[PDB]
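Q: Residue numbers (the entry's author numbering), protein chains in the order written: chain A, 10 to 252; chain 3, -8 to -1, 1 to 196; chain 1, -9 to -1, 1 to 196; chain 2, 1 to 223; chain G, 4 to 248; chain F, 2 to 234; chain C, 2 to 246; chain B, 1 to 250. Sharing a structure here in structure tokens format.
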Amino acid sequence: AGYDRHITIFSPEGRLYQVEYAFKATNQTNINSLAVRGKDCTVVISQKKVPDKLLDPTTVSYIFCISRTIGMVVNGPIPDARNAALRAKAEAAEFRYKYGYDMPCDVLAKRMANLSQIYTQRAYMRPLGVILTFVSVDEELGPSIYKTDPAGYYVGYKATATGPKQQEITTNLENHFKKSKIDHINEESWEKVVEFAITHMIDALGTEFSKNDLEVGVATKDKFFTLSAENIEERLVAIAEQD
Amino acid sequence: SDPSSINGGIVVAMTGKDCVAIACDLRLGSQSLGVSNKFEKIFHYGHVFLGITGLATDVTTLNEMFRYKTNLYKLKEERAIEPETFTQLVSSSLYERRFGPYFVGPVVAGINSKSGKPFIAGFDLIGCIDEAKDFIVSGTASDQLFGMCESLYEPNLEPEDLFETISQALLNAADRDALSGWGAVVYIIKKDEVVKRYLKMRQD
Amino acid sequence: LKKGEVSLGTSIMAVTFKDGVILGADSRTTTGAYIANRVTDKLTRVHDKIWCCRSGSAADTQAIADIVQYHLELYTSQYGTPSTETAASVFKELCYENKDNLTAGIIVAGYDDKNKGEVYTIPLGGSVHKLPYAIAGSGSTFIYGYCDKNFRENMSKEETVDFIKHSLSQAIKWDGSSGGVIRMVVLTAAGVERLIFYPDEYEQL
Amino acid sequence: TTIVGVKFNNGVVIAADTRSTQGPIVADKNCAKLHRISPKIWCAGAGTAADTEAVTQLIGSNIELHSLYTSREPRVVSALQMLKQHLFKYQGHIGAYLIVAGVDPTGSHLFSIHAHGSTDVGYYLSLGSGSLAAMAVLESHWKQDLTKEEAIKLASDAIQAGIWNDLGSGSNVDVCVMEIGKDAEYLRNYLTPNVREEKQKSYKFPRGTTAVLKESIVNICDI
Amino acid sequence: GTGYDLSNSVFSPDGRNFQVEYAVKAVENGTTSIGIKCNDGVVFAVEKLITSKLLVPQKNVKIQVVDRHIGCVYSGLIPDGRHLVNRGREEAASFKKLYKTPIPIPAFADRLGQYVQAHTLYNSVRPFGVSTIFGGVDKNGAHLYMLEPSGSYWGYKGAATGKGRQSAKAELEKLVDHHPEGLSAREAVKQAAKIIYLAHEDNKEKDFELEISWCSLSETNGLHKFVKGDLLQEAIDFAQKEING
Amino acid sequence: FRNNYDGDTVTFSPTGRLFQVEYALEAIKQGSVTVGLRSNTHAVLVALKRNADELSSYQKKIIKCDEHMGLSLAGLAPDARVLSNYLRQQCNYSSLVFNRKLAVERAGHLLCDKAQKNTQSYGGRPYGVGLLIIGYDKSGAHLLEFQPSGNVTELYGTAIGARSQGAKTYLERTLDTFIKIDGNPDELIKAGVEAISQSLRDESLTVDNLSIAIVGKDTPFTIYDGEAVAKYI
Amino acid sequence: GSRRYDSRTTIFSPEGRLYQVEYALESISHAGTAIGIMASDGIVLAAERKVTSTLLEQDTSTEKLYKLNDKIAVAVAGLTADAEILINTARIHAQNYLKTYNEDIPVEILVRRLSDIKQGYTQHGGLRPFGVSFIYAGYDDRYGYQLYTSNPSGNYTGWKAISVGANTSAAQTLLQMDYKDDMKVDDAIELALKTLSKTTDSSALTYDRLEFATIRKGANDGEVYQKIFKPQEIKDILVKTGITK
Amino acid sequence: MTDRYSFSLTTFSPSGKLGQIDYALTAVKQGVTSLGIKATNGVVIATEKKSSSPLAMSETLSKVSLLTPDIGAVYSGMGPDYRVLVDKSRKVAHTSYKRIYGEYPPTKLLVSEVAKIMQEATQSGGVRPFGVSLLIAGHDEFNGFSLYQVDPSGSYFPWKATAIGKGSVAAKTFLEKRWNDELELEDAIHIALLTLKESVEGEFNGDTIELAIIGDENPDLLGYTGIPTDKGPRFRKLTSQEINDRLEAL
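Right, dumping it as structure tokens:
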């Protein structure tokens, strides 16, 4: 190819060592996430990997609250995830200060996409290996899922999955969305959407999950909130007592 | 001292029909003593004529600046500078210097190379654009000039008769000054010949 | 140099009650003697449970407040939810370094669920002062006696609602740069509740 | 000048006069005061003509840039914030007093901006020298619930009130109706409530009183 | 020798550059420090190695304050630790002046944390290579955090590191599990001393000097203090009791 | 291999020592030997001045930095100079601003940061110099060992420069005697001249170009030179 | 490390000139030709257009012929990109001189600024040199016609006929032979058109595969009137010479 | 930190080559089919906008950007490179012609600006060019209708009709015959559709094809639903429904 690790030159391949390996290394934390949109809600469910009893089970996070509406899941190594989180938080507030309007998903995606492209262009900064799944129920764009991947490429999605078991999850979402003939969930109450999500997740990843194995972030019109341990339990409980 | 009426000056522009006219004085003073009957205030850039009134230092500095801007524009574009365009560039150069000195009243006259129609526009030190196709006047005696022009002008004039309106408007406006004596010139502009005619008039 | 200058309704308050704080204001901008605004939003959210009353010069208060808004958004996302005292300092810093151009009379009042309701009053020149309730502007001296005597902690919401409507409606009458709507903001943990009452209403009530 | 703004239940209406004066003498009957920033942000400008036009165009270039960069519709709330901070930075040494209005998928908007560095909210607002008459008309006949026809009609009566009782305001009246459903309708010369002026007739100059000291010619290109 | 060992102006095929990996390895051959979270406080302890009789007892200290109520001890490379702390101070003071309050531990953590991440995205600026156990009490409780080379941090309830990590972690989890979180702050001092004494068994070709501190809401009244006098003698007593003596 | 961890200030080892630290440690030894010992009321430095040319004239290589502070060097002299330069500036700024008189530990910490910034760019460098700093403040007497590796320990006794191990073994033994002897100079000074003579094994000891420096409760900073070391040989 | 990822090639060869500079010259000799003929009643410039096809717009031939002034124009041999940066700076330099001294820039004065930057580009920064040579066509009222050349080596000379870009040797050889100083514009064009033919091997040469300009005295000026030919004007002169090629 | 790569990362050889550029030119070829026709009766641009995952929407993906209201651009190559260069291209168009000269930029002069950025990021060390080639199509009274390509090289040229990305050579060829001097905008939309049909099948429907035109426009979106000051901008980009409808009559 080229020799991208010693000088910032191109490859005739079009894709460089920095880009190619950023595509790979985004999973080593043994993580899987999915995001689905309801009719009028957006739900994220993500694996939560508390591997020890030396750690508090609720300081381990991978879902960050970037704004008051906007949520961002970072799929990547934790230093890179926080590097992205810090920058995203400033850009979100700075955009509200100057332009008088809180941040939507797509504009945050764009800012970061441009940054990641520049650090690949530079020979004086490294780019990060982060896939950023931005989610909300935007005021004008409706329910939203916009996912960025490393490269500085980003695009809008129906629904999405991340992790080595992306493929397993995909076949379940596809099957539902064809059946219903729409690209969102017919349901419209964030509880029933969360419950549905978990169902398709158990099925794909092949293990029944506990509350400490999940971490839930919910987006609704004009608010973002995270669901606690008790809150996750209430959903789980029904899936265990029906066939 | 005075901020611009050291040397004074007046400028008048009319529209005719395929034609425009721009006229000005030729006074240079040092306070109230008129020193010379000659000092040109009218220059042109491509085919758009720029008369600038005010302080002599500020006409000179602007004239060299507008040479600089017209030339690089001309070079990139392989094409001359157009009345319509020129109005905007003058505004934009003047608003930057509203915080600087400037005590000028330029008047622009031309015929477009892109719809064949007469064009005049007026500027102050403030940079209020005056959009006009009848006449536009600037300078120390601009108030009077507005009264003379509003009464005397009649629409759709050919170079000889247009000439007579402007020449007399300027002469009688000037007669109630001393800061508008020491000779005066009229240029009557067609897009194919320019006739330059010196008038005979008062001085102190 | 600002040409002309602007002024606000100058009788502002934050009152503590049973479950938090209820924040109360009159609103009116004038530019000289031209009534620039009948109604105004000068009931300003600086965070979701921490609002403020802005008084003093319209141009200046709004310009400051926007900056405070940027710091407290960034502050939330990173360092966790603010406190009333956190908001108050940021407001003060901006007034003090630029008290050469700024005239801001601020009550910041916010609700926390381990401090209960909190009132921090930052006068002109800027200094943070914690009080259990506040009245500010220049019309406040005249209601000092009322306010002190009928101020009571843990009073019923209905009773506090009357008390603020009444407190201002008296203040507005005797003072002259006061006028326009009375707007009020209830801050408890259930969220933020918005009250507006027009002139013809409050005078009467 | 006289500039007004009136909100209706289906859009927002702005109106203006376009007279510019040099003393009592009418330099210009028409000279723009409703400025296009975008096809859903139009803006009415008072104070000094040169500052109002220039500074909206400055904002405008960057706003047209922001809408494109961020890949989204223009917003009144973006222009608003930039105007205040810029006027604040210079402390209102730029004398532009604007009524910015505009329509979005997020509703009807009506704001005004003082050159002091203040922004305002109201439901009808006015500025200009004709501000005092105009506001009087606006505040009285606006009532809860409003229509296109009551809003334009109001807008017209308002700008006329200011023509009449303030005589630094005249000439043509331009109106522009920004509906939520539509975009913008610029209605140039919607009312022309004043008219041309007397002529007493004027006459061929004789050639025994018109003298030419000397004659030359110069070329159209000497460049 | 790949430019994934001589530069950090690129991403690696292992998602980290070799030199950062190496920082993690050098913390572990080092000196032992622990941190014990309890229901009202945190306790810190570190093993200070004795190599000569030329050293003075407690006139060289490894636990250094930031503010007045956050206590910082670190294990690993000495110079890197000074620099981290000096930074930690500048943040802490800026926070106190600017917001008129002592700084929260999840806040303080984000500020150091972002700075450890910075020095790990440049091709010529040295990484950090210390793991810092730090924490204190604020107005919604006590918090124990641990910061790594790579810029990695999470909240802990028990933490251990160093040569004697294995041993230390074993005793430490048993005791934490047994307790609601760690029981009283007072009980935790003795316990803490046992772990450090127990870890010292993994390195008997040197001596130690036991050094403890604490920061406890109602058992230091919000402050971070060194643990000394009677309280140090008692923890020693307990330690030499179980590990025979 | 060599070229990975040499000149490269950004790299690490699993061990945490680079080649640039081991060379720096060797550089300290190639300067002359200087020994430190202190009680709790005094701190002494005994240092050998031995010329490195035939014609060369003896000059002070213990440098008084302030009324209550100084250092002696062992290692590279330019490297030693820049640090001494920054420390004299630092001493002044504390005295004017905070009225603060430095303890050794505080200066030390400052010293580590300085080296640290220069080991985070290729255009700066690590040093090649150890220093023994003595000072007497209100926490008693102090002797500090500063290392380019950023390891700072305040000790009762040490030696740096060539052939450290003679002196260290003596110093650890006479430790117990010297630390409990307070308010008496002469014994601690004499003992320092004996220590340094066990460092030497094959290199001269000069009876008029030895230089001993002392600080304490009853001693403001005095370097005894020439004649005045005689009665302690 | 990355202090050894420096190319170190904007330093001297033993050959008396920098590596990158010598290598760049090759690049020029692999891009389009410019030919400069200075006549006794004009200056004639010919350049052969690199790629000509229907997919291109064929009615454009200002792709390498730019007028810098009213009476100065340049011909490019090299790549478009490299050229543009010097063109813009020469244009401004023209305007600085004009403004300061009230007179137009002399041809050598203009040449000399461009050449000091070309040298500069390797002298400060370590960056790479240009890949462009100009042949300058101009009039000055102090020497008559001047026709010069500059190269990215920063060496410049004046000549009465020169060629640069590909096929320098062949064209120069023919030029030296037919040269006269009683030639007129039209005699030069004929000459120019012969030379171009003898360096291009074809069935025929077409008018759109050429870019042409001459700078003659004119009959609307006592100055010099710059005539920039476009394809259809190239077609006419091809008849006039009766030289079909 | 800076100051470690201050040698250029293009260098010459005796074959005169610039490493970075040759590699980047290859990238353009590996893009998707994008084309430009000047019909000398307008300008028509079309490109493929395509999914890269089954749950990726294509109605959140565009390859057609507006640079200014009346100059449009299309590309093949690296997605990121195009967005970042587009921001900078937008910057200069807006600040330096619409405030200074008060009007929209002339295309050819904007072609000079965009070229200069790309050539600059090669000349300066420590950074690479952009690995894209853009086709910048615009209209002005003064110049007519125009079309240029600006290369990754920072070289430019005008092209009566051209295509870039996958299936470049054949697409340009078929087009050259079907291209007349005097060509009707409807026929010129068909030819574009027809070409993109030859590149792709089994995922070729009209609602995945994005086509934009320079010529016809909608005044009703330019705030001239009411009485005009002037007609205004000539670029107007089709929606999917319009594209699909014409595909049926292809």
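All residues carry an ideal CB built from backbone N, CA and C; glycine is no exception.
(1) Flag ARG105 (chain A) as yes if its beta-carbon sits less than 7 Å from any beta-carbon of chain E, otherwise no.
(2) Could you tell me if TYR12 (chain A) is buried or exposed, where buried requires 16 or more neighbouring beta carbons within 10 angstroms of its beta carbon?
(3) Does any C-beta atom of chain 1 lie closer than 7 Å to the C-beta of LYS98 (chain A)?
(4) Can you tell me which of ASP184 (chain 3), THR45 (chain 3), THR62 (chain 3) puts its alpha carbon nearest to the alpha carbon of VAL129 (chain 3)?
(5) Quick one: is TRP164 (chain 2) buried, meaning 16 or more other Cβ sit within 10 Å of its Cβ, or exposed?
(6) To the nearest angstrom, report how far apart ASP187 (chain F) and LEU201 (chain G) are at their CA atoms.
(7) By how many angstroms is the C-alpha of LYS98 (chain B) removed from the C-alpha of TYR104 (chain B)?
(8) Mind checking the region 176 to 203 of chain 2 against chain 1 and listing, in chain order, the residues whose C-beta falls within less than 9 Å of any C-beta there?
(9) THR210 (chain 2) by DSSP, collapsed to three states: which one?
(10) Using the three-state DSSP reduction, which class does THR119 (chain 2) fall into: helix, strand or coil?
(11) Is there at least one Cβ from chain C nearer than 7 Å to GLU113 (chain B)'s Cβ?
(12) Could you check whether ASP17 (chain 3) and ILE2 (chain 3) sit closer than 7 Å to each other, using their CB atoms as the reference points?
(13) How far does the beta strand (DSSP E) with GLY(-1) (chain 3) in it reach, from first residue to last?
(14) Anything in chain A within Cβ reach of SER78 (chain 2), meaning under 7 Å, just list it in chain order.
(15) Kindly indicate if chain F contains any beta-carbon less than 7 Å away from that of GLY2 (chain C).
(16) According to DSSP, is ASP212 (chain A) part of a helix, a strand, or is it coil?
(17) Going along the chain, which residues of its own chain have a beta-carbon closer than 6 Å to the beta-carbon of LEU34 (chain 1), five neighbours each way excluded?
(18) Can you give me the C-alpha to C-alpha distance between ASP70 (chain B) and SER15 (chain B), rounded to a whole angstrom?
(19) Closest to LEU81 (chain 3) by C-alpha separation, out of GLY92 (chain 3), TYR60 (chain 3), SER105 (chain 3), would be which residue?
(20) Put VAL83 (chain A) into one of helix, strand or coil per three-state DSSP.
(21) With 7 Å as the threshold, decide whether the Cβ of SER122 (chain F) is near any Cβ in chain G.
(22) Any residues in the region 126 to 150 of chain 3 with a beta carbon nearer than 8 Å to a beta carbon of chain C? Which ones, in chain order?
(23) For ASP210 (chain G), which residues in the same chain have their Cβ closer than 7 Å to its Cβ, ignoring the five residues on either side in sequence?
(24) Comparing the CB of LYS209 (chain G) with every heavy atom of the ligand MN, is any distance shorter than 6 Å?
(25) I want to verify the contact list: residues of chain A whose CB lies under 8 Å from the CB of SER155 (chain G), in sequence order.
(26) At what residue ranges does the region 56 to 94 of chain B contain a whole run of the beta strand (DSSP E), taking only runs of 3 or more?
(27) Should the region 108 to 125 of chain A be called in touch with the region 77 to 84 of chain 1, which here means at least 3 C-beta pairs below 8 Å?
(28) Under a Cβ-count criterion, where at least 16 other Cβ atoms within 10 Å of its own Cβ denotes burial, should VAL208 (chain F) be classed as buried or exposed?
(29) Check this for me: beta carbons of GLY125 (chain F) and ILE29 (chain F), under 7 Å apart or not?
(30) Quick one: measure Cβ to Cβ for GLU212 (chain C) and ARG50 (chain C), integer angstroms, because I've assumed they're closer than 8 Å.
(31) Comparing C-alpha positions only, which one of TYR102 (chain G), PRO109 (chain G), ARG71 (chain G), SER78 (chain G) sits nearest to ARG92 (chain G)?
A: Taking the definition as stated:
(1) No chain E is part of this structure, whose protein chains are labelled A, 3, 1, 2, G, F, C and B.
(2) With fewer than 16 Cβ atoms within 10 Å of its Cβ, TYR12 (chain A) is classed as exposed.
(3) yes
(4) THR45 (chain 3)
(5) exposed
(6) Cα-Cα distance, rounded: 45 Å.
(7) 6 Å
(8) none
(9) Coil.
(10) strand
(11) Chain C contact via Cβ: absent.
(12) yes
(13) Taken as a continuous stretch (DSSP letters only), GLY(-1) (chain 3) belongs to no beta strand (DSSP E), as it is neither H nor E.
(14) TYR108, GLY109, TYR110
(15) yes
(16) helix
(17) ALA16, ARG174, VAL176
(18) 41 Å
(19) Of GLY92 (chain 3), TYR60 (chain 3), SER105 (chain 3), the residue nearest in Cα terms is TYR60 (chain 3).
(20) strand
(21) At a cut-off of 7 Å between beta carbons, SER122 (chain F) contacts chain G.
(22) none
(23) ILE53
(24) Inclusion of the ligand MN in the displayed structure is not the case, the ligand content being empty and no account of it being possible.
(25) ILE87, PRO88
(26) 65 to 68, 71 to 77
(27) no
(28) exposed
(29) No, Cβ-Cβ distance for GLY125 (chain F) and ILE29 (chain F) is not below 7 Å.
(30) 5 Å
(31) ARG71 (chain G)
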